[PDB]
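These notes concern the structure reproduced below.
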Protein chains: 2
Amino acid sequence: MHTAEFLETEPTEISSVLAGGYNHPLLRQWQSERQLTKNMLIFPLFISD
Amino acid sequence: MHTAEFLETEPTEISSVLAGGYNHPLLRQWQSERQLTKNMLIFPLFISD
């Protein structure tokens, strides 16, 4: 009967390991080129006659 | 007697005009590649025996 197959693999390469860079909630902020501040937003205003 | 000399010049070139990019306090934040947030700081701690 169908049994789970598991191929054999070589040792892990360090170049394959990116995960240590995003594992904590904080690392998710750390990983952004720039964060959202309030002085970045521009609110459109429609002024009537 | 010594009088203030003023050479004559040609019209201003637009490529020389950068000043409209930093004149307001807000434009000074606008001009930064990235702003300082609190989750960016890392405080060193020296723990004793």
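Lettering of chains follows the sequences in order, A, B, ..., and the numbering in each one begins at 1. Excluded from the calculations below are hydrogen atoms, water molecules and symmetry mates; all remaining heavy atoms, backbone and side chain alike, are included.
Rounding to the nearest 0.5 Å places CD1 of A:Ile42 at 8.0 Å from CG of B:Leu26. Residue B:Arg34 holds its CZ atom at 9.0 Å from CD of A:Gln35, rounded to the nearest 0.5 Å. Taking CZ from A:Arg28 and CG from B:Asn39, the interatomic distance works out to 13.5 Å, rounded to the nearest 0.5 Å. Between the CD atom of B:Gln29 and the NE2 atom of B:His24 there is a distance of 11.0 Å, given to the nearest 0.5 Å.
Under the rule for a side-chain contact (heavy atoms from CB on, under 4.5 Å), the partners of B:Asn23 that lie at least two apart in sequence or sit in another chain are B:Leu27.
Using a 4.5 Å cut-off on side-chain heavy atoms (C-beta onward), B:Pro44 and B:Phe46 make contact.
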